[PDB]
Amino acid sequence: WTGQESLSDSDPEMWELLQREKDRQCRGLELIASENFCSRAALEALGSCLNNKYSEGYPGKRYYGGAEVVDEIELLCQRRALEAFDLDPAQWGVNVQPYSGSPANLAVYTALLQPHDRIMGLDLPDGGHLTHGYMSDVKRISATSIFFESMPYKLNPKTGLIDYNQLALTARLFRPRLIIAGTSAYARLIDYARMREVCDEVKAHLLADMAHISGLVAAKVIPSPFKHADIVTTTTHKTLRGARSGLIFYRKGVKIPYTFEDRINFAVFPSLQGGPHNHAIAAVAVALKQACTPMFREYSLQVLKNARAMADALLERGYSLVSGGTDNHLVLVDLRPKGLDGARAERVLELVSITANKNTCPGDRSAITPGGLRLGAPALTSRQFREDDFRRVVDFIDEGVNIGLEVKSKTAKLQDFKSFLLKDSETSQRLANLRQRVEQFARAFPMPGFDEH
């Protein structure tokens, strides 16, 4: 045993699993707005000898020795992070160690707040993220809601937009120490200027959690939360198209100085994390360098055009869009006027190799079965899909919905619907036909990564 044997030789059962997942990705139409396809170059860094190095601490300030090279990598990741988002290093710093987006958020909170201090975020069914505080009427769900005290803010159901007026009103009463501007299921641009005014008024830090939109921000195809936020968190996957990891950006220098840097860095290590995942950090550096190029601006422009094209294509075929359209990378479809719901559509589409998400619509409860569907452009755009290809994706979705409708008029409950798609031979064949057409279409497009895994 050398530990230099190939995976296919040494673990054939695992190698066969990688190959099946590779085929599924190649043959599927990936419309999950948080999905993307990582470049080979980034994955080569990710599965590298950088996994082997413990480097607790920071560059030039490590616990263990032998970090000369790892220090250069982390420092380079830092520079490319600031360059990607066009940040003056006198005015901004960045921590590149969070293990993911959720740890990046928890580290911001533990850095700046005391246990049980107050946070406000977009409610989860209104399109916010678990890590912005989430508790149900029954219990505390996010650790954000356990260690801190959250109160959500809401959409205006009339417009499908964030109700900035109700946020202002309600923040005056609750008096949060931290307000989070950022979304998981929102088709529009956040009024960061308005968020900032509410924060200034109640003396709260503004956190922009730009995970979903970070690549669009890097490419300068939408306005930057960095103009208004104190702290910006993000994932490095999603629209940035890197390995799974996180980033915390913070202001530094004069506001009387900013005091985020030392607190943020201490919270990440030693308070929360152990050894940095240097292999991830390297992969992120690779993706961040990719994000500074003309190629990536053109990619991000195309993502917007494709989402528009998908939105327009849906409108023409008689669908309703929550907020009436999109200004970003995803669209929110309201299926209730069509007579179907998200849980039904999602399952039908899954069986024809189209992966989308059910999505709560404004006004409905976090209890009633979701009336909507979230569809995203980033992943397929990475496979060189253009506007005509997304029109074709919408054709396939429509057939999916129409099958979904017919199965609904023959079934009672949700579990009836789900096993009827498997058992009933006439509908299972109509799905088999659509699946094969979807996969023929999808397989012809290029796919970032390695060929076979």
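For clarity, a rigid core is taken as the largest C-alpha set superposing within 1.5 Å between two forms. All residue numbers refer to positions in the sequence shown, first residue = 1.
Between 162-170 and 133-141, greater CA displacement relative to the shown form is found for 133-141 when the structures in 4 other deposited structures of this protein are fitted on the core. With each structure aligned by its rigid core, the stretch whose Cα atoms sit farther from this model in 4 other deposited structures of this protein, between 218-226 and 368-376, is 368-376. In this entry, no coordinate-free residues of the deposited sequence separate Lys139 from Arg140. Note on 441-449 vs 6-14: mean CA B-factor is higher in 6-14. When the C-alpha B-factors of 316-324 and 264-272 are averaged, 316-324 comes out higher. Per the PDB record, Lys227 has a higher Cα B-factor than any other of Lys227, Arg383, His329, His129. Which of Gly253, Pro157, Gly215, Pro125 has the largest Cα B-factor in the deposited entry comes down to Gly253. Per-chain ranking of the deposited C-alpha B factor places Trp92 in the middle third. Ranked within its chain, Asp191 lands in the lowest third, by CA B factor from the PDB record.
Remark: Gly28 belongs to the lowest third of its chain, ranked by C-alpha B-factor as recorded. Residue-level temperature factors show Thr293 in the highest third of its chain, judged at the C-alpha atom. Among the modelled residues of its chain, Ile231 has a C-alpha B-factor that falls in the middle third according to the deposited record.
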